[PDB]
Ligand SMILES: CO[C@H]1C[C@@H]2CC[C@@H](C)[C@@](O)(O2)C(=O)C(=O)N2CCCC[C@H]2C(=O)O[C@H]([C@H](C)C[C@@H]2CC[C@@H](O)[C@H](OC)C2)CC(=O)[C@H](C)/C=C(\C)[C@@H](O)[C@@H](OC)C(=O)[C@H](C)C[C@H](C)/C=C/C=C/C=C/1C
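Shown here is one chain on its own, the form deposited without rapamycin immunosuppressant drug (RAP), set out as C-alpha cells.
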C-alpha cells in the first residue's frame, strides 16, 4: 500500500507514536512526476496527528516508518490514497501517488 525509499537518513531512533503531531515538509506528485500539492511551495511545514483520519492512509503509514530528520519517497497505491474515485480535477481514478516527505519534528 505504501513503499518507503530513503532520500536522506534520519536519526534512526525517533519514530512517531500514535497521537503525536508529525511536522513535515512534503511534495505530492502523480505517477508522472507532476506536483499537485507542496508545503515547500507554501514555504510552511504541514502538521498532522498520526491516527486522525484527515490525511491519506499511505502518507500516514509511510511517515510512521520514518525517523526524525529522515527524508523519503513514499510510493502510495490508490488503495492507500484516493482509490477508485480519486479527486476529480486533481487526482485521477486509481492513481498511484509519490510523496517526497521530510519528517522535521514531532510535537
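Positions refer to the first chain, counted from 1.
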So which stretch wins on mean C-alpha B-factor, 81-89 or 94-102? 81-89
Tell me which stretch, 68-76 or 33-41, has the higher mean Cα B-factor listed in the entry. 33-41
Lowest, middle or highest third - CA B-factor, residue 17: middle
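Not on display, but discussed next: the form deposited with rapamycin immunosuppressant drug (RAP) bound.
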Kindly check, after superposition on the C-alphas around the site, whether rapamycin immunosuppressant drug (RAP) taken in the bound PDB entry would be blocked here (3 or more of its atoms within 2.4 Å of a backbone or C-beta atom) or open? blocked
Using a 4.5 Å heavy atom cut-off, state whether residue 37 contacts rapamycin immunosuppressant drug (RAP) in the bound PDB entry. yes
Is there any non-hydrogen atom of residue 53 lying within 4.5 Å of rapamycin immunosuppressant drug (RAP) in the bound PDB entry? yes
Partner contact for residue 91 in the bound PDB entry: rapamycin immunosuppressant drug (RAP), 4.5 angstroms, heavy atom: yes
Any residue of 69-107 that, in the bound PDB entry, places a heavy atom within 4.5 Å of rapamycin immunosuppressant drug (RAP): 82, 87, 90, 91, 99
